[PDB]
file run.txt (compact mmCIF, C-alpha atoms and all ligand atoms)
# COMPACT_ATOMS: atom_id res chain seq x y z
CA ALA Y 2 95.20 103.55 59.02
CA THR Y 3 94.91 106.68 56.80
CA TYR Y 4 97.32 108.87 54.80
CA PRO Y 5 97.34 111.54 52.08
CA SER Y 6 98.36 110.46 48.62
CA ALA Y 7 101.34 111.66 46.52
CA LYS Y 8 98.86 113.59 44.40
CA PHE Y 9 97.56 115.48 47.45
CA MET Y 10 101.04 116.46 48.53
CA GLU Y 11 101.91 117.50 44.96
CA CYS Y 12 98.75 119.63 45.15
CA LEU Y 13 99.51 121.06 48.61
CA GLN Y 14 103.01 121.76 47.35
CA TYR Y 15 101.61 123.36 44.26
CA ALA Y 16 99.24 125.77 46.03
CA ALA Y 17 102.11 126.61 48.40
CA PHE Y 18 104.40 127.33 45.47
CA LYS Y 19 101.90 129.15 43.26
CA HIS Y 20 100.90 131.46 46.13
CA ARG Y 21 104.45 131.89 47.37
CA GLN Y 22 104.32 135.68 46.75
CA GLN Y 23 100.71 136.28 47.82
CA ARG Y 24 99.92 137.36 51.37
CA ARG Y 25 96.77 137.77 53.46
CA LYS Y 26 95.74 141.39 54.02
CA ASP Y 27 96.25 141.59 57.80
CA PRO Y 28 98.59 143.56 60.12
CA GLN Y 29 101.13 140.75 60.33
CA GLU Y 30 100.95 140.19 56.51
CA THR Y 31 100.81 136.41 56.92
CA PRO Y 32 101.34 134.16 53.83
CA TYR Y 33 98.22 133.64 51.76
CA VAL Y 34 98.93 129.90 51.63
CA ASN Y 35 97.75 129.83 55.26
CA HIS Y 36 94.28 130.77 54.11
CA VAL Y 37 93.83 128.00 51.52
CA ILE Y 38 95.14 125.55 54.10
CA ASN Y 39 92.81 126.88 56.82
CA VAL Y 40 90.05 126.40 54.19
CA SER Y 41 91.06 122.90 53.21
CA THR Y 42 91.59 122.06 56.89
CA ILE Y 43 88.13 123.32 57.96
CA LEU Y 44 86.56 120.63 55.75
CA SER Y 45 88.80 117.87 57.03
CA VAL Y 46 88.71 118.62 60.73
CA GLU Y 47 85.44 120.42 61.13
CA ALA Y 48 83.36 119.12 58.20
CA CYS Y 49 84.89 115.66 58.78
CA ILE Y 50 85.49 115.36 54.96
CA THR Y 51 87.17 112.14 53.78
CA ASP Y 52 87.33 112.81 49.99
CA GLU Y 53 90.59 114.16 48.56
CA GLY Y 54 88.97 115.54 45.43
CA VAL Y 55 87.49 118.18 47.79
CA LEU Y 56 90.52 118.59 50.04
CA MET Y 57 92.75 119.22 47.03
CA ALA Y 58 90.07 121.33 45.37
CA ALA Y 59 90.05 123.54 48.49
CA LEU Y 60 93.83 123.74 48.48
CA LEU Y 61 93.43 125.30 45.01
CA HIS Y 62 90.25 127.29 45.63
CA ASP Y 63 92.09 130.55 44.82
CA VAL Y 64 95.04 129.66 42.54
CA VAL Y 65 93.40 129.88 39.15
CA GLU Y 66 91.79 133.04 40.48
CA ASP Y 67 94.53 134.90 42.37
CA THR Y 68 97.58 133.35 40.71
CA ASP Y 69 98.93 132.87 37.21
CA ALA Y 70 97.67 129.28 37.04
CA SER Y 71 95.02 127.79 34.71
CA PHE Y 72 92.38 125.08 34.87
CA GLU Y 73 94.65 123.29 32.42
CA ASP Y 74 97.63 123.15 34.75
CA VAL Y 75 95.24 121.75 37.38
CA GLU Y 76 93.75 119.46 34.75
CA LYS Y 77 97.05 118.04 33.43
CA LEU Y 78 98.26 117.76 37.03
CA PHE Y 79 95.33 116.58 39.16
CA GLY Y 80 92.75 115.60 36.59
CA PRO Y 81 89.30 116.87 35.52
CA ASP Y 82 87.73 115.51 38.72
CA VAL Y 83 89.22 118.45 40.62
CA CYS Y 84 89.46 120.82 37.60
CA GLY Y 85 85.69 120.73 37.88
CA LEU Y 86 85.38 121.82 41.50
CA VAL Y 87 88.14 124.38 41.13
CA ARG Y 88 86.24 125.84 38.18
CA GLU Y 89 83.01 125.68 40.15
CA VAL Y 90 84.48 127.87 42.85
CA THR Y 91 86.53 130.27 40.70
CA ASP Y 92 85.35 133.78 39.83
CA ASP Y 93 85.59 135.35 36.41
CA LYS Y 94 88.31 137.95 36.97
CA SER Y 95 87.21 139.59 33.71
CA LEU Y 96 84.20 140.99 35.63
CA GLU Y 97 84.43 144.05 37.87
CA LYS Y 98 85.22 143.67 41.58
CA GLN Y 99 81.55 144.10 42.50
CA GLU Y 100 79.85 142.19 39.67
CA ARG Y 101 81.60 139.05 40.96
CA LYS Y 102 80.18 139.33 44.48
CA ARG Y 103 76.72 140.04 43.15
CA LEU Y 104 77.08 136.97 40.92
CA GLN Y 105 78.24 134.87 43.85
CA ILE Y 106 74.85 135.28 45.47
CA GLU Y 107 73.02 134.17 42.35
CA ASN Y 108 75.09 131.18 41.25
CA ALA Y 109 75.25 129.94 44.86
CA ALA Y 110 72.29 127.51 45.01
CA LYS Y 111 72.91 126.13 41.50
CA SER Y 112 76.35 124.79 42.63
CA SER Y 113 77.11 121.15 43.53
CA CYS Y 114 77.17 119.59 47.02
CA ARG Y 115 80.98 119.29 46.82
CA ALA Y 116 81.49 122.87 45.57
CA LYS Y 117 79.10 124.27 48.16
CA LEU Y 118 81.30 122.71 50.84
CA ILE Y 119 84.33 124.63 49.59
CA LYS Y 120 82.31 127.82 49.20
CA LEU Y 121 81.08 127.71 52.81
CA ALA Y 122 84.59 126.96 54.13
CA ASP Y 123 86.08 129.80 52.06
CA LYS Y 124 83.52 132.02 53.69
CA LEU Y 125 83.81 130.72 57.25
CA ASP Y 126 87.58 130.96 57.27
CA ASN Y 127 87.52 134.45 55.80
CA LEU Y 128 85.04 135.63 58.42
CA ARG Y 129 86.91 134.08 61.33
CA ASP Y 130 89.82 136.16 60.15
CA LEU Y 131 87.73 139.33 59.69
CA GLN Y 132 86.29 139.42 63.21
CA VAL Y 133 88.06 142.25 65.06
CA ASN Y 134 91.10 142.15 62.75
CA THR Y 135 90.43 144.68 60.03
CA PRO Y 136 92.13 144.45 56.63
CA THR Y 137 94.91 146.84 55.61
CA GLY Y 138 93.49 150.32 55.10
CA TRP Y 139 89.93 148.95 55.21
CA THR Y 140 87.09 151.34 55.97
CA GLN Y 141 85.24 150.36 59.13
CA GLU Y 142 82.07 150.44 57.02
CA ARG Y 143 83.47 148.20 54.28
CA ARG Y 144 84.38 145.81 57.11
CA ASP Y 145 80.66 145.45 57.79
CA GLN Y 146 79.40 145.25 54.20
CA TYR Y 147 81.48 142.10 53.76
CA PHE Y 148 79.51 140.47 56.55
CA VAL Y 149 76.28 141.50 54.86
CA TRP Y 150 77.43 140.10 51.52
CA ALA Y 151 78.95 136.97 53.07
CA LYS Y 152 75.65 136.04 54.73
CA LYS Y 153 73.69 136.57 51.47
CA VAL Y 154 75.96 134.05 49.75
CA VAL Y 155 75.89 131.71 52.77
CA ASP Y 156 72.09 131.85 52.74
CA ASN Y 157 71.90 130.49 49.18
CA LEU Y 158 74.43 127.76 50.04
CA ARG Y 159 72.51 126.41 53.06
CA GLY Y 160 71.29 122.81 53.17
CA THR Y 161 74.90 121.70 52.54
CA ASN Y 162 76.74 121.02 55.81
CA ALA Y 163 74.92 121.39 59.11
CA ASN Y 164 78.16 121.84 61.05
CA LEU Y 165 79.86 124.38 58.76
CA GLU Y 166 76.68 126.45 58.33
CA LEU Y 167 76.08 126.23 62.11
CA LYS Y 168 79.45 127.75 62.90
CA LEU Y 169 78.76 130.30 60.20
CA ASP Y 170 75.54 131.31 61.91
CA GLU Y 171 77.39 131.59 65.19
CA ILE Y 172 79.53 134.25 63.48
CA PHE Y 173 76.44 136.18 62.34
CA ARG Y 174 74.71 135.85 65.72
CA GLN Y 175 77.61 137.46 67.62
CA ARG Y 176 77.94 140.26 65.09
CA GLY Y 177 74.18 140.74 65.00
CA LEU Y 178 72.91 139.59 61.58
CA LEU Y 179 70.60 136.78 62.78
CA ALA G 2 90.87 105.28 48.08
CA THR G 3 93.10 107.37 50.37
CA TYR G 4 92.81 110.72 52.15
CA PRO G 5 94.64 112.66 54.87
CA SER G 6 93.23 112.35 58.37
CA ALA G 7 91.78 115.24 60.41
CA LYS G 8 95.00 115.10 62.39
CA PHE G 9 97.30 115.53 59.38
CA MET G 10 95.25 118.56 58.50
CA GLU G 11 95.38 119.99 62.03
CA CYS G 12 99.10 119.36 61.87
CA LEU G 13 99.42 120.99 58.43
CA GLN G 14 97.45 123.90 59.83
CA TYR G 15 99.57 124.00 62.95
CA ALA G 16 102.85 123.95 61.05
CA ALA G 17 101.47 126.77 58.83
CA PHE G 18 100.44 128.82 61.87
CA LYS G 19 103.54 128.60 64.04
CA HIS G 20 105.75 129.38 61.03
CA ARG G 21 103.40 132.15 59.73
CA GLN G 22 106.01 134.87 60.45
CA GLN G 23 109.10 132.88 59.44
CA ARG G 24 110.55 133.32 55.96
CA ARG G 25 113.20 131.52 53.88
CA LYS G 26 116.59 133.05 53.10
CA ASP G 27 116.29 133.97 49.44
CA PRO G 28 115.89 137.14 47.41
CA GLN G 29 112.11 136.76 47.28
CA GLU G 30 111.83 136.01 51.06
CA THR G 31 109.30 133.27 50.40
CA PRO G 32 107.33 131.89 53.42
CA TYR G 33 109.01 129.19 55.53
CA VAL G 34 105.83 127.12 55.52
CA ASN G 35 106.74 126.30 51.91
CA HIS G 36 109.91 124.55 53.16
CA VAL G 37 108.36 122.24 55.74
CA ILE G 38 105.74 121.41 53.06
CA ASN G 39 108.42 120.52 50.53
CA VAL G 40 110.05 118.14 53.06
CA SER G 41 106.73 116.35 53.67
CA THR G 42 105.92 116.24 49.96
CA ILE G 43 109.49 115.09 49.08
CA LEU G 44 108.74 111.93 51.07
CA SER G 45 105.30 111.47 49.70
CA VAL G 46 105.93 111.96 45.96
CA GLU G 47 109.56 110.92 45.80
CA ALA G 48 110.44 108.18 48.30
CA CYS G 49 106.68 107.27 48.13
CA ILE G 50 105.87 107.30 51.90
CA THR G 51 102.43 105.98 52.93
CA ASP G 52 102.79 106.70 56.70
CA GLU G 53 101.19 109.84 58.15
CA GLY G 54 103.28 109.59 61.31
CA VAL G 55 106.33 110.47 59.19
CA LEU G 56 104.43 112.94 56.99
CA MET G 57 103.15 115.02 59.91
CA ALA G 58 106.50 114.75 61.69
CA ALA G 59 108.06 116.28 58.53
CA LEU G 60 105.53 119.11 58.44
CA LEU G 61 106.67 119.76 62.04
CA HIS G 62 110.39 119.05 61.66
CA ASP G 63 111.24 122.74 62.21
CA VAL G 64 108.52 124.05 64.56
CA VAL G 65 109.88 122.80 67.85
CA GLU G 66 113.23 124.31 66.81
CA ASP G 67 112.37 127.55 65.00
CA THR G 68 108.90 128.53 66.25
CA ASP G 69 107.66 128.92 69.83
CA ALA G 70 106.21 125.40 69.84
CA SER G 71 107.32 122.56 72.17
CA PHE G 72 107.37 118.78 72.35
CA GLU G 73 104.49 118.89 74.87
CA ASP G 74 102.35 120.78 72.32
CA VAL G 75 103.10 118.21 69.64
CA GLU G 76 102.70 115.41 72.17
CA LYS G 77 99.46 116.97 73.43
CA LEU G 78 98.12 117.47 69.90
CA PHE G 79 99.53 114.54 67.90
CA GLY G 80 100.99 111.96 70.27
CA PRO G 81 104.32 110.26 71.11
CA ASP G 82 104.26 108.70 67.68
CA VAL G 83 104.70 112.14 66.11
CA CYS G 84 106.45 113.73 69.08
CA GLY G 85 109.13 111.03 69.03
CA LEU G 86 110.30 111.73 65.47
CA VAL G 87 109.98 115.49 65.71
CA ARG G 88 112.38 115.25 68.62
CA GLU G 89 114.70 113.03 66.64
CA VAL G 90 115.16 115.80 64.09
CA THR G 91 115.31 118.90 66.31
CA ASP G 92 118.79 120.21 67.10
CA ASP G 93 119.25 121.41 70.67
CA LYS G 94 119.19 125.23 70.25
CA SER G 95 120.96 125.76 73.60
CA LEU G 96 124.15 124.92 71.71
CA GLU G 97 125.79 127.22 69.13
CA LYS G 98 125.04 126.92 65.38
CA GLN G 99 128.48 125.44 64.72
CA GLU G 100 128.08 122.77 67.41
CA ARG G 101 124.51 121.93 66.33
CA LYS G 102 125.97 121.11 62.92
CA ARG G 103 128.86 119.06 64.26
CA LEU G 104 126.41 116.86 66.19
CA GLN G 105 124.22 116.31 63.12
CA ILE G 106 127.04 114.34 61.62
CA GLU G 107 127.64 112.38 64.83
CA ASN G 108 124.08 111.51 65.78
CA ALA G 109 123.23 111.01 62.12
CA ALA G 110 123.46 107.23 61.56
CA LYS G 111 122.30 106.80 65.15
CA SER G 112 118.81 108.04 64.17
CA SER G 113 115.79 105.82 63.46
CA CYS G 114 114.83 104.62 59.94
CA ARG G 115 111.87 106.99 60.04
CA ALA G 116 113.83 109.95 61.43
CA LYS G 117 116.57 109.44 58.85
CA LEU G 118 113.94 109.82 56.10
CA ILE G 119 113.01 113.28 57.33
CA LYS G 120 116.63 114.27 57.83
CA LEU G 121 117.46 113.23 54.26
CA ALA G 122 114.49 115.00 52.65
CA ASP G 123 115.15 118.07 54.87
CA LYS G 124 118.60 118.17 53.36
CA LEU G 125 117.47 117.47 49.79
CA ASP G 126 115.01 120.36 49.86
CA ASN G 127 117.45 122.87 51.35
CA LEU G 128 120.19 121.86 48.94
CA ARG G 129 117.89 122.21 45.98
CA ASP G 130 117.40 125.78 47.16
CA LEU G 131 121.13 126.48 47.51
CA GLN G 132 121.88 125.81 43.85
CA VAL G 133 119.34 128.31 42.49
CA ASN G 134 119.30 131.20 45.02
CA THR G 135 122.04 132.34 47.44
CA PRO G 136 120.99 133.18 51.02
CA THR G 137 120.54 136.87 51.81
CA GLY G 138 123.90 138.40 52.65
CA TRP G 139 126.02 135.26 52.25
CA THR G 140 129.54 134.80 50.88
CA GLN G 141 130.11 132.24 48.11
CA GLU G 142 132.60 130.37 50.27
CA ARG G 143 130.04 129.87 53.05
CA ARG G 144 127.52 128.89 50.35
CA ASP G 145 129.98 126.17 49.42
CA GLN G 146 130.68 125.06 53.00
CA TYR G 147 127.01 124.14 53.41
CA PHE G 148 127.29 121.58 50.59
CA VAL G 149 130.34 120.01 52.23
CA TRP G 150 128.66 119.73 55.63
CA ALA G 151 125.46 118.53 53.97
CA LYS G 152 127.45 115.71 52.41
CA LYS G 153 129.14 114.79 55.70
CA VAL G 154 125.73 114.49 57.37
CA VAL G 155 123.98 112.81 54.42
CA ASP G 156 126.94 110.44 54.16
CA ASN G 157 126.03 109.10 57.61
CA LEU G 158 122.27 109.05 56.91
CA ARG G 159 122.71 106.80 53.84
CA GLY G 160 121.38 103.23 53.73
CA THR G 161 117.92 104.72 54.26
CA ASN G 162 116.17 105.77 51.02
CA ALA G 163 117.89 104.61 47.84
CA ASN G 164 115.80 107.12 45.95
CA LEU G 165 116.29 110.24 48.05
CA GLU G 166 119.98 109.44 48.48
CA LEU G 167 120.25 108.86 44.77
CA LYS G 168 118.95 112.38 44.17
CA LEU G 169 121.09 113.73 47.00
CA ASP G 170 124.03 112.36 45.05
CA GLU G 171 122.75 114.10 41.97
CA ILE G 172 123.23 117.42 43.75
CA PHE G 173 126.64 116.34 45.08
CA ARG G 174 128.17 115.09 41.80
CA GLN G 175 126.84 118.07 39.78
CA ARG G 176 128.69 120.32 42.20
CA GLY G 177 131.84 118.26 42.38
CA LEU G 178 131.88 116.52 45.75
CA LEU G 179 131.04 113.05 44.48
MN MN Y 201 89.56 132.17 49.54
MN MN Y 202 114.23 122.18 57.57

call {"tool": "encode", "arguments": {"input": "run.txt", "output": "structure tokens"}}
result
Amino acid sequence: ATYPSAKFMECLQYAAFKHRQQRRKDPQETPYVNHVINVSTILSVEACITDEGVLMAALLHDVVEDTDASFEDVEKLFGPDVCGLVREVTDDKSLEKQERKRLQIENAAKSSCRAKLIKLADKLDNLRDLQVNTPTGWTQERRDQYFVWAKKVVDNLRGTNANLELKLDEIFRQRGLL
Amino acid sequence: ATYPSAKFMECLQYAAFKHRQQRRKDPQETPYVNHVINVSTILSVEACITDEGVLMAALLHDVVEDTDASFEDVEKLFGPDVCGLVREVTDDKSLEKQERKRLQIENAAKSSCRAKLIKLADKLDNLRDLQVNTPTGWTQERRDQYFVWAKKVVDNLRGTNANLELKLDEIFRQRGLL
């Protein structure tokens, strides 16, 4: 006898709203909200996660970073409990495109068990979507480099979820990175 | 102490996938997934619904009718429990748009307590959207006719949620139908 709370729906609704104009960079140009959901869903379904603070955190694992939202909006809306994990998985968009990816490999291990979960999911889902389907106007080379970078981050996040990481490795095995 | 099940997430994901290409009729052309979400959230936050069966059904209240999904898919994936309500709120698309509306008023009050909840919220959300933005290429008269019809249907769905219906009325008296 389970069920999401009113806070979780107000969060799902929020991410949906706040990303309303953002789209995933694919041929179809599918809504970006799908991503965040795929990410939050991976943890629920695949990672069998039963804690909303993580499921809502994942729903917002790109708002304060790709939207015009702030940790405060999240804070005054969903509390510090989740403002923490959303901050723990948000990049400093004041740093150059590359400096953030390089920093993602370093700060990886230092993260928390809960934040590592989101980080792995964010990766897994992105990869699943990158296999075969190449981003809009994306160099075929660049398409590979992501895989290289993704694994480097995923390698410093290990020890978190056996199942998520497993599936991740299955994506690197096929491609030929391990 | 609560959290959404792995099924509600697979359902959220499914709704989001099947609708991926569908968009709402507004100037911005916002994703349709945002609508089904609002309907589920409308019940959760407002109306305070603690039953996933209804919540998922709401997330899927437009798939069987707009997307290429079927009752067997919902039945196969979520069960009669969810398949039963989703069918209770899906207009037979073999009929013409004008007839599908006429029946909504007739089969309205004949619906189940649970199915009325979705039907009400479904209306509330849409209406809320008709006050702010006007559908792409739509005359003001037709924009008005929707409110009238909405009321005729909602007038037969009443007796269900004193809160949703109270708000429904808020949209009807502000306009000038109540
Ligand atoms: Mn992401
Ligand atoms: Mn609808």

call {"tool": "interface_residues", "arguments": {"input": "run.txt", "of": "chain Y", "to": "chain G", "cutoff": "7 Å", "atoms": "only C-alpha atoms", "output": "count of residues only"}}
result
23

call {"tool": "closest_atom_pairs", "arguments": {"input": "run.txt", "of": "chain Y", "to": "ligand MN 201 (chain Y)", "cutoff": "10 Å", "atoms": "all atoms listed in the file", "output": "tab-separated table"}}
result
residue	atom	partner	partner_atom	distance
Y:25	CA	Y:MN201	MN	9.9
Y:33	CA	Y:MN201	MN	9.1
Y:34	CA	Y:MN201	MN	9.9
Y:36	CA	Y:MN201	MN	6.7
Y:37	CA	Y:MN201	MN	6.3
Y:38	CA	Y:MN201	MN	9.8
Y:39	CA	Y:MN201	MN	9.6
Y:40	CA	Y:MN201	MN	7.4
Y:59	CA	Y:MN201	MN	8.7
Y:60	CA	Y:MN201	MN	9.5
Y:61	CA	Y:MN201	MN	9.1
Y:62	CA	Y:MN201	MN	6.3
Y:63	CA	Y:MN201	MN	5.6
Y:64	CA	Y:MN201	MN	9.2
Y:66	CA	Y:MN201	MN	9.4
Y:67	CA	Y:MN201	MN	9.1
Y:90	CA	Y:MN201	MN	9.4
Y:91	CA	Y:MN201	MN	9.5
Y:119	CA	Y:MN201	MN	9.2
Y:120	CA	Y:MN201	MN	8.5
Y:122	CA	Y:MN201	MN	8.5
Y:123	CA	Y:MN201	MN	4.9
Y:124	CA	Y:MN201	MN	7.3
Y:125	CA	Y:MN201	MN	9.7
Y:126	CA	Y:MN201	MN	8.1
Y:127	CA	Y:MN201	MN	7.0

call {"tool": "write_last_selection", "arguments": {"input": "run.txt", "atoms": "C-alpha atoms", "output": "short mmCIF file (atom, residue, chain, number, x, y, z; two decimals), in the coordinates of the input"}}
result
data_model
loop_
_atom_site.label_atom_id
_atom_site.label_comp_id
_atom_site.auth_asym_id
_atom_site.auth_seq_id
_atom_site.Cartn_x
_atom_site.Cartn_y
_atom_site.Cartn_z
CA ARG Y 25 96.77 137.77 53.46
CA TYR Y 33 98.22 133.64 51.76
CA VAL Y 34 98.93 129.90 51.63
CA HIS Y 36 94.28 130.77 54.11
CA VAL Y 37 93.83 128.00 51.52
CA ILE Y 38 95.14 125.55 54.10
CA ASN Y 39 92.81 126.88 56.82
CA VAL Y 40 90.05 126.40 54.19
CA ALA Y 59 90.05 123.54 48.49
CA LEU Y 60 93.83 123.74 48.48
CA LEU Y 61 93.43 125.30 45.01
CA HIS Y 62 90.25 127.29 45.63
CA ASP Y 63 92.09 130.55 44.82
CA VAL Y 64 95.04 129.66 42.54
CA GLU Y 66 91.79 133.04 40.48
CA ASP Y 67 94.53 134.90 42.37
CA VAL Y 90 84.48 127.87 42.85
CA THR Y 91 86.53 130.27 40.70
CA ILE Y 119 84.33 124.63 49.59
CA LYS Y 120 82.31 127.82 49.20
CA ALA Y 122 84.59 126.96 54.13
CA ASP Y 123 86.08 129.80 52.06
CA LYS Y 124 83.52 132.02 53.69
CA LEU Y 125 83.81 130.72 57.25
CA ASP Y 126 87.58 130.96 57.27
CA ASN Y 127 87.52 134.45 55.80
#

call {"tool": "residues_around", "arguments": {"input": "run.txt", "residues": "stretch 97-109 of chain G", "least_positions_apart": "5", "cutoff": "12 Å", "atoms": "all atoms listed in the file", "output": "PyMOL selection string"}}
result
chain G and resi 66+89-92+114+116-121+124+146-147+149-161

call {"tool": "atom_distance", "arguments": {"input": "run.txt", "atom1": "atom CA of residue G:77", "atom2": "atom CA of residue Y:129"}}
result
24.4 Å

call {"tool": "atom_distance", "arguments": {"input": "run.txt", "atom1": "atom CA of residue G:68", "atom2": "atom CA of residue G:95"}}
result
14.4 Å

call {"tool": "closest_residue", "arguments": {"input": "run.txt", "among": "G:128, G:78, G:86, G:70", "to": "ligand MN 202 (chain Y)", "atoms": "all atoms listed in the file"}}
result
G:128

call {"tool": "build_atoms", "arguments": {"input": "run.txt", "residues": "stretch 64-80 of chain Y", "atoms": "N, CA and C atoms", "output": "PDB file, keeping the file's coordinate frame"}}
result
ATOM      1  N   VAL Y  64      93.898 129.590  43.451  1.00  0.00           N
ATOM      2  CA  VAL Y  64      95.040 129.660  42.540  1.00  0.00           C
ATOM      3  C   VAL Y  64      94.673 130.167  41.152  1.00  0.00           C
ATOM      4  N   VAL Y  65      93.767 129.472  40.484  1.00  0.00           N
ATOM      5  CA  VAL Y  65      93.400 129.880  39.150  1.00  0.00           C
ATOM      6  C   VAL Y  65      92.762 131.252  39.164  1.00  0.00           C
ATOM      7  N   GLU Y  66      92.431 131.748  40.352  1.00  0.00           N
ATOM      8  CA  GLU Y  66      91.790 133.040  40.480  1.00  0.00           C
ATOM      9  C   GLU Y  66      92.735 134.147  40.945  1.00  0.00           C
ATOM     10  N   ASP Y  67      93.624 133.860  41.890  1.00  0.00           N
ATOM     11  CA  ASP Y  67      94.530 134.900  42.370  1.00  0.00           C
ATOM     12  C   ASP Y  67      95.976 134.683  41.895  1.00  0.00           C
ATOM     13  N   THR Y  68      96.230 133.583  41.200  1.00  0.00           N
ATOM     14  CA  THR Y  68      97.580 133.350  40.710  1.00  0.00           C
ATOM     15  C   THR Y  68      97.601 133.291  39.185  1.00  0.00           C
ATOM     16  N   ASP Y  69      98.764 132.960  38.642  1.00  0.00           N
ATOM     17  CA  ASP Y  69      98.930 132.870  37.210  1.00  0.00           C
ATOM     18  C   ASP Y  69      98.750 131.437  36.721  1.00  0.00           C
ATOM     19  N   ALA Y  70      97.931 130.663  37.430  1.00  0.00           N
ATOM     20  CA  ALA Y  70      97.670 129.280  37.040  1.00  0.00           C
ATOM     21  C   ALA Y  70      96.405 129.196  36.169  1.00  0.00           C
ATOM     22  N   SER Y  71      96.178 128.023  35.580  1.00  0.00           N
ATOM     23  CA  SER Y  71      95.020 127.790  34.710  1.00  0.00           C
ATOM     24  C   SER Y  71      94.406 126.431  34.940  1.00  0.00           C
ATOM     25  N   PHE Y  72      93.106 126.333  34.691  1.00  0.00           N
ATOM     26  CA  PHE Y  72      92.380 125.080  34.870  1.00  0.00           C
ATOM     27  C   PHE Y  72      93.101 123.937  34.141  1.00  0.00           C
ATOM     28  N   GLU Y  73      93.928 124.294  33.170  1.00  0.00           N
ATOM     29  CA  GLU Y  73      94.650 123.290  32.420  1.00  0.00           C
ATOM     30  C   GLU Y  73      95.793 122.715  33.229  1.00  0.00           C
ATOM     31  N   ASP Y  74      96.520 123.587  33.918  1.00  0.00           N
ATOM     32  CA  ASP Y  74      97.630 123.150  34.750  1.00  0.00           C
ATOM     33  C   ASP Y  74      97.077 122.171  35.787  1.00  0.00           C
ATOM     34  N   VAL Y  75      95.929 122.533  36.360  1.00  0.00           N
ATOM     35  CA  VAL Y  75      95.240 121.750  37.380  1.00  0.00           C
ATOM     36  C   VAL Y  75      94.756 120.432  36.786  1.00  0.00           C
ATOM     37  N   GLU Y  76      94.261 120.554  35.562  1.00  0.00           N
ATOM     38  CA  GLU Y  76      93.750 119.460  34.750  1.00  0.00           C
ATOM     39  C   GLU Y  76      94.872 118.450  34.422  1.00  0.00           C
ATOM     40  N   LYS Y  77      95.948 118.923  33.795  1.00  0.00           N
ATOM     41  CA  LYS Y  77      97.050 118.040  33.430  1.00  0.00           C
ATOM     42  C   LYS Y  77      97.798 117.523  34.649  1.00  0.00           C
ATOM     43  N   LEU Y  78      97.585 118.160  35.796  1.00  0.00           N
ATOM     44  CA  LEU Y  78      98.260 117.760  37.030  1.00  0.00           C
ATOM     45  C   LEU Y  78      97.421 116.887  37.944  1.00  0.00           C
ATOM     46  N   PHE Y  79      96.198 117.323  38.239  1.00  0.00           N
ATOM     47  CA  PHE Y  79      95.330 116.580  39.160  1.00  0.00           C
ATOM     48  C   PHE Y  79      94.078 115.970  38.549  1.00  0.00           C
ATOM     49  N   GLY Y  80      93.899 116.163  37.251  1.00  0.00           N
ATOM     50  CA  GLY Y  80      92.750 115.600  36.590  1.00  0.00           C
ATOM     51  C   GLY Y  80      91.564 116.529  36.490  1.00  0.00           C
TER      52      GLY Y  80
END
